[PDB]
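This document opens with one chain alone, in structure tokens, the form deposited in one PDB entry.
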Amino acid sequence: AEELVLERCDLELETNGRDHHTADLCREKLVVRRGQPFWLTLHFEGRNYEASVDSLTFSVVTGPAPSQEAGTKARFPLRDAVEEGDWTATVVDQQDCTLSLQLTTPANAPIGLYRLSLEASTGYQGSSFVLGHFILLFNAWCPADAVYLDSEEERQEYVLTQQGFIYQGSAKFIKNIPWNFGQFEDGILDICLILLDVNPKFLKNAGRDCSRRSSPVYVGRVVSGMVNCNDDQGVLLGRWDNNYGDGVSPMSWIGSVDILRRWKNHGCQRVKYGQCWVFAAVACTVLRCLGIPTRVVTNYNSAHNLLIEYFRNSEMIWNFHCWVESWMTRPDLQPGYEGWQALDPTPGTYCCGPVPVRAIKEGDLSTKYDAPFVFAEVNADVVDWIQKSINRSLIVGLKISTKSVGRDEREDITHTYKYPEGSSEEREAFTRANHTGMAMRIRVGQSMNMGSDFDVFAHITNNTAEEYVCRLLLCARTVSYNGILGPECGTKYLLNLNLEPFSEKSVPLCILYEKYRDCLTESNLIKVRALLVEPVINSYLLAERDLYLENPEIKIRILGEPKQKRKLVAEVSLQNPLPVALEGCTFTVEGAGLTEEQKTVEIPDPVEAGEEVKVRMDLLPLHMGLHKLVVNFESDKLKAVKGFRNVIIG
């Protein structure tokens, strides 16, 4: 019995690509989707395969360290019995010198490049051939696959469609930008494989990383970490300072292809520059390429305050933010979390997600991975205290948007992240999320004299069992009477402020004459504003308070008997409150019923800081009963200070 001579192996690129929805990717290499049969044809030289004498065994391996235990290596006989869910090969057609086979892969096989080998034994003597290579991808058409989507129209949109829209602008002005995902363009798949092959998990344990690629949760997670630079292997370098001269402007890009190519072409070095939508767009491209159903989503925020300043000048809040959602089951979580999963590749690990959009709507923030981050992107919590009252100067999570299935229209998916405001479902979610509460008010607890230095306090009360780590900005500005804020006269900022369960703190800011003296207004008024930020759950506390800097009191002493029409002497004094000297000091005293003339006494010498100043005036009561003496004090730096004194006569 002559040994079979394999002439050639035909990969049936055409029939395979068509059937696996990978036609564009079947350049000259075979690409297929897992859990679905595919075809190949052996051409023999001489006699054909005779099942009765020939034994053919197939071998597949993927990655730098394949093993059967890890599912990255498989061996399987060419036979008639087909075990569903396994690697198998069976004959389906046999002609003169051709043998057509059908191969199937598990629906949870690791995706990646595979080398296919064939062992052909005729009784005693045997031979081995490398038939070729194929690439194996996730399969949204296969019901047993974790990324299965039951709607064909949605598989066209979220996997096969190479152009779409990315939403920008603002809630009020929703702007769309066209984008060429180009997931099937020449070279792109190879680049995506490289991207996996350079991720830190592959460096740490190659064989394990290749095996874990059976999971779209794992692959998604890895893609979310590799899109931003961080460790120079990453794809894009972010920049928001509006200065992109040594690179490409984030607003300029119209697709993912050039970015991916540039990255690879420079030895896997960051591409400049990106912003959120660009990170999201690339991720979407990579994920679609590998066959995980994905869409780019945009969320809008808005504003009308100390909050604004705090942001102007490490998570923060933009006019809009973009990320991706990807479709898959979650066998790693409690049942019922299959579906759309948010992944945020915009800059515990550099990765972010996947987290079920559903766990975010429900406030179930322990669900892996990174629920709080995504929750904080669509929920903020702003409260004022005037002395507690909800503040709406800040609104997060508006008009969440993504492209419509098979139409150039926008779909609003806000409902998928957030129950209606006021709804009882919304309240249950806030409750699951953040397990009376915490408050903040400006204290002074003292007199504040024009001229002095003194402290004000951000007084913070934590009446929950929870410990909070917060940022606190506490600052003061002069405030005129018409309410306009003048220049700042004291600031304090704590990046780390710790509040133990059921405790309180009075955080001080010193207010200094030197800083306020000259920036003061006609009012003698200073506004203290505090902002307490708790970044995890995205909660904000605002406390405001105006303060009145009082003028010194004019001491007025009457000396003598109050008897009807007897003589009396008035002693009038003021203690300089300034740490500097008063010049051109003059008191003015009058009062019908006590004196008939207006007494004005000049002060020759400058009144030194902290020093008192006395003058006296003889008075002549004339009628029984109450008379008020009235006094004005004038000077170069302290003006129109007043006082009075009741006097009763007998």
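So that the term is clear: the rigid core is the largest set of C-alpha atoms that superpose within 1.5 Å between two forms. When you see a residue number, it is the position in the sequence shown, counting from 1.
Undergrad: Please check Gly406 against the other PDB entries of this protein that were compared: is it missing in at least a third of those that model both its neighbours?
TA: Other entries vs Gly406: none skip it.
Undergrad: Counting only other entries that model residues on either side of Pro420, is it left out in at least a third?
TA: Looking at the other entries that model residues on either side of it, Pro420 is present in every one.
Undergrad: With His435 and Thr436 adjacent in the shown sequence, let me know how many deposited residues between them lack coordinates: none, 1 to 3, 4 to 9, or 10 or more.
TA: Gap between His435 and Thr436: 4 to 9 unmodelled residues.
Undergrad: According to the PDB entry, how many deposited residues between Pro347 and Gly348 are absent from the model (none, 1 to 3, 4 to 9, 10 or more)?
TA: Count of unmodelled residues in between: 4 to 9.
Undergrad: Look over 85-93 and 459-467 in the entry and identify the one with the greater average Cα temperature factor.
TA: Stretch with the higher mean C-alpha B-factor: 459-467.
Undergrad: Test of understanding: from the entry's C-alpha B-factors, which stretch has the higher mean, 529-537 or 334-342?
TA: The recorded data point to 529-537.
Undergrad: Going by the entry, which of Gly591, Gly610, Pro66, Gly35 has the most elevated CA B factor?
TA: In the PDB entry, the greatest C-alpha B-factor among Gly591, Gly610, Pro66, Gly35 is found at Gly610.
Undergrad: Can you tell me which of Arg270, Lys563, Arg208, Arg410 has the maximum CA B-factor listed in the PDB entry?
TA: Comparing C-alpha B-factors across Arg270, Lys563, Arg208, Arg410, the maximum falls on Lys563.
Undergrad: Report the third (lowest, middle or highest) to which the CA temperature factor of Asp10 belongs, ranking only the modelled residues of the same chain.
TA: For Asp10, whose C-alpha B-factor we compare with every modelled residue in the chain, the answer is the middle third.
Undergrad: Report the third (lowest, middle or highest) to which the CA temperature factor of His304 belongs, ranking only the modelled residues of the same chain.
TA: According to the entry, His304 has a C-alpha B-factor in the chain's highest third.
Undergrad: Would you mind ranking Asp19 by its C-alpha B-factor against the rest of the chain and naming the third, lowest, middle or highest?
TA: Its C-alpha B-factor belongs to the lowest third of this chain's values.
Undergrad: For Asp370, return the chain-relative third of its C-alpha B-factor as stated in the PDB record: lowest, middle or highest.
TA: It falls in the bottom third of the chain.
Undergrad: Classify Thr62 as lowest, middle or highest third according to the C-alpha B-factor given in the PDB entry, relative to its own chain.
TA: Lowest third, going by the recorded CA B-factors of the chain.
Another form exists, deposited in another entry; not displayed. Remarks below refer to it.
Undergrad: Which residue, chosen from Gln94, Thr464, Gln156, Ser127, moves its CA by 2 Å or more between this form and the one not shown under a rigid core superposition?
TA: The residue that shifts is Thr464.
Undergrad: Has the Cα of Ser452 moved 2 Å or more between this form and the one not shown, judged after a core fit?
TA: Shift of 2 Å or more: yes.
Undergrad: When the rigid core is used for the superposition, does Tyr49 move between this form and the one not shown (threshold: C-alpha shift of 2 Å or more)?
TA: It does not reach a 2 Å shift.
Undergrad: Superposing on the rigid core, I want to see if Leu578 changes position between this form and the one not shown - specifically a Cα shift of 2 Å or more.
TA: True for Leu578: a C-alpha shift of 2 Å or more.
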